[PDB]
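Only one chain is shown below, in structure tokens, and it's the form deposited in one PDB entry.
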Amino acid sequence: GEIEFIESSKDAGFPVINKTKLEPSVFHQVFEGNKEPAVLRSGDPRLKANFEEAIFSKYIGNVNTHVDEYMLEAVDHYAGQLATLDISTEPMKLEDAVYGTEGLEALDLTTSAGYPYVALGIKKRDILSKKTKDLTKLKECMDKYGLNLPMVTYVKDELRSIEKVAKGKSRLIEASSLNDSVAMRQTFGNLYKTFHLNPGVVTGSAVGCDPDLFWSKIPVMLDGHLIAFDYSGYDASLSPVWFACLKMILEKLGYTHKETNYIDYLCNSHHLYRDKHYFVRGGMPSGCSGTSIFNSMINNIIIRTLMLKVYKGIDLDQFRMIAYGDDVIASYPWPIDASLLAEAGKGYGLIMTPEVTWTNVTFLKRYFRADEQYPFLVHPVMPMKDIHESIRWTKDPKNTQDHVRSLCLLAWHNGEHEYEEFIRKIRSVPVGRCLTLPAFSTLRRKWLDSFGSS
């Protein structure tokens, strides 16, 4: 992706789009950590770099190439897999696409409504209602403002490492207009549903998975020599050729050329950021509808392309992979040099970052540890250091109970000794003794029982 044009918003008649919410929690001194809130403003005294330059530096440019022979075969192979899922290309019913259905959670009512709503002070809840499932106001707004509206760029308010704070390398997220979010959920909602209900090696996707259950399935699906990597700045690195590949895959699934027009909206985009507006060619605009699923689909095309290009004579029918956006875990029955693939990826404008074993591999920032007693069940193991980083901050201490409960559900997979120490430190602050904390044995019993029914 590349910014092709940027100028002051006022020159085009756009109004300007309006500190961190993260604050030290009561556990900030009880646990150790290094992370701090990402820089959100240019004047931040922790900066050791130019902020505006840093946040846009992920748009490293485009490789301008045609869909080549390797891509075509990659698209064909992945399309053959997805065909077995019988994805419906029929529009999803508006009420289902907006207010929830199996496999597609209701539209988030707390996030930005995007443009022009943010300029008018109109929030999602001024338009939508969970209680009534009203679609009348939404139809009025969609008729009135139409589709293909500018995206609103926000800086992601989240904890980051010391290096990323100093370098100002905060992440950006895009808010699609409510109109475009809804229209994309109508167009692709059945694809979203099918992906969410089928994480694994047919979709090649883990989007929507529950690691507590899914991690025991992964080694069954990936039974060869492991291949694993992620990327640096995946979304913004994507060149338009990969979006062309995605459109080809979607059309092989039965979408019409008009239904794939929304991929052009994602690829060639118009953004408002504070007092500026700018146009981008290429790049997945992270935070629009479907971006994790579409990133994952593109990654399935990319890895197959690279394998076909480097390993002539590869047999993709024996290849297996699972992607969550840029994050990949995969296998092949023979060893594969991931560094060769990564260098081949550099020629396509990608920055891939690769002896991978079940002991040292990670996926979704978690390790894999087979249960000592039930060896066919696999613990997802979030490192305790990451749990410690999280518990030390909060965006709203009114949610402390839910926050600490969620961390307990992650922590116990590290073993009973680690868990008891975690609980002891939590209880060394008075808030900690006011919380309902699950017992290790309860967490373990419920986990074991969860595999017994579905």
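Residue numbers here begin at 1 and follow the sequence given.
Unshown form solved in complex with a small molecule; subsequent notes refer to it.
Participant: Have a look at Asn261, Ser129, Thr111, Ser232 for me and say which one sits with a heavy atom within 4.5 Å of the small molecule in the entry with it bound.
Facilitator: Looking at the other structure, the residue within range turns out to be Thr111.
Participant: Going by heavy atom distances of 4.5 angstroms or less, which of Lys247, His270, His196, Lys164 would be at the interface with the small molecule in the entry with it bound?
Facilitator: Exactly one listed residue reaches within 4.5 Å, namely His196.
Participant: Only one of 79-87, 371-379, 280-288, 252-260 gets a heavy atom within 4.5 Å of the small molecule in the entry with it bound; which is it?
Facilitator: Careful reading of the contacts points to 280-288.
Participant: Taking the small molecule as it sits in the entry with it bound, is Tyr192 near enough to touch it, meaning that at least one heavy atom pair lies within 4.5 angstroms?
Facilitator: Yes, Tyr192 sits close enough to the small molecule in the entry with it bound that at least one of its heavy atoms falls within 4.5 Å.
Participant: Using heavy atoms and a 4.5 Å limit, would one call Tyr324 a contact residue for the small molecule in the entry with it bound?
Facilitator: Yes, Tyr324 sits close enough to the small molecule in the entry with it bound that at least one of its heavy atoms falls within 4.5 Å.
Participant: Please check if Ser181 has a heavy atom lying within 4.5 Å of any heavy atom of the small molecule in the entry with it bound.
Facilitator: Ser181: yes, in contact with the small molecule in the entry with it bound.
Participant: Any of the heavy atoms of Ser292 lying within 4.5 Å of the small molecule in the entry with it bound?
Facilitator: Within the cut-off, so yes.
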